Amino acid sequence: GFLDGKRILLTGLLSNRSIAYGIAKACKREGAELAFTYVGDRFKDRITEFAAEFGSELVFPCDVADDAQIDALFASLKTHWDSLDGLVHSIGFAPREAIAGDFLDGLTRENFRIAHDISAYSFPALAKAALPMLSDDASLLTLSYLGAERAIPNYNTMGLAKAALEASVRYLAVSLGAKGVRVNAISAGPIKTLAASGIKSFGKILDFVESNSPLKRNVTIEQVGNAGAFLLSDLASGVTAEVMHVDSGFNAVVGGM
């Protein structure tokens, strides 16, 4: 496969609907060796089952709010892997009120802080902690959304955080690029996941993209997963600092008229 021998750490695999699950499946298919993170003790058994499905027992806790856990993640991983070839950041969070209704109604300093801390800061934070063990041709991938680019109803504070995340892709690409490391995002179309269900009226977004995207269909975690596997691979060695849309072309139209 086109990821033969590549060692890839995946965050964010919460359920079999997770974007990270689709990425994991595609990476394993293409020959990668995988490792996984989780948050919260009650999820240890579930993530362990997922890891086993992908031929791995490499599972580590990491709440990205916590500097100590970020450092311990890579210390733990290093006991197994001398080097890391891929990193998938598939992590986002905002308090419920910050992704519902009017943008200002749900804006507080703490809601802003938390959304940006978990959804944006954590990506370059993981990159920095990983750097001593990154291979020279390593590839780092995050997940963003069109809400970064244009105002989407209810997405609100997450739109600000995704914009900062996409900027971090560019600044990371410069910082890490001379070494040879690539950094990219996929701006995924709407997919029904646990996180997605936190956005007020997500169902309306899903239906609108199905009706108005050029391909007249929503994307799947398999499609995002394949795009992800591509970006993580040497097939994409010419590509860095890129935000690739995998959204059935929806970003490129003015729909619904």
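Position 1 is the first residue in the sequence shown; the rest follow in order. Take the two forms, find the largest set of C-alpha atoms that superpose within 1.5 Å, and that set is the rigid core.
Colleague: In 9 other deposited structures of this protein, superposed on the rigid core, which stretch sits farther off in Cα RMS terms, 46-54 or 188-196?
Modeller: Output: 188-196, the stretch lying farther off on average in 9 other deposited structures of this protein.
Colleague: Determine, for 197-205 and 34-42, which one has C-alphas that on average lie farther from this form in 9 other deposited structures of this protein; superpose on the rigid core first.
Modeller: When 197-205 and 34-42 are compared in 9 other deposited structures of this protein, the bigger C-alpha shift is seen for 197-205.
Colleague: Going by the mean C-alpha B-factor recorded in the entry, which is higher: 129-137 or 179-187?
Modeller: Stretch with the higher mean C-alpha B-factor: 129-137.
Colleague: Which of the two stretches, 8-16 or 243-251, shows the higher mean Cα temperature factor in the record?
Modeller: The stretch with the larger mean CA B-factor is 8-16.
Colleague: In terms of recorded Cα temperature factor, pick the maximum from 39, 231, 70, 35.
Modeller: Answer for 39, 231, 70, 35: 39, with the highest C-alpha B-factor.
Colleague: From 119, 79, 90, 156, which pick has the Cα B-factor that tops the rest in the entry?
Modeller: Max CA B-factor in the entry, restricted to 119, 79, 90, 156: 79.
Colleague: Divide the modelled residues of the chain into thirds by Cα B-factor and specify which third, lowest, middle or highest, holds residue 24.
Modeller: Highest third, going by the recorded CA B-factors of the chain.
Colleague: For residue 162, return the chain-relative third of its C-alpha B-factor as stated in the PDB record: lowest, middle or highest.
Modeller: As the PDB entry reports it, the C-alpha B-factor of residue 162 lands in the middle third of its chain.
Colleague: By the record's CA B-factor, is residue 107 among the lowest, middle or highest third of residues in the chain?
Modeller: Its C-alpha B-factor, which the entry lists for residue 107, ranks in the middle third among residues of this chain.
Colleague: Could you look up the Cα B-factor of residue 86 in the entry and say which third of the chain it sits in: lowest, middle or highest?
Modeller: For residue 86, the deposited C-alpha B-factor lands in the middle third.
Colleague: Ranking every modelled residue in this chain by its Cα temperature factor as given in the entry, which third contains residue 194?
Modeller: For residue 194, the deposited C-alpha B-factor lands in the highest third.
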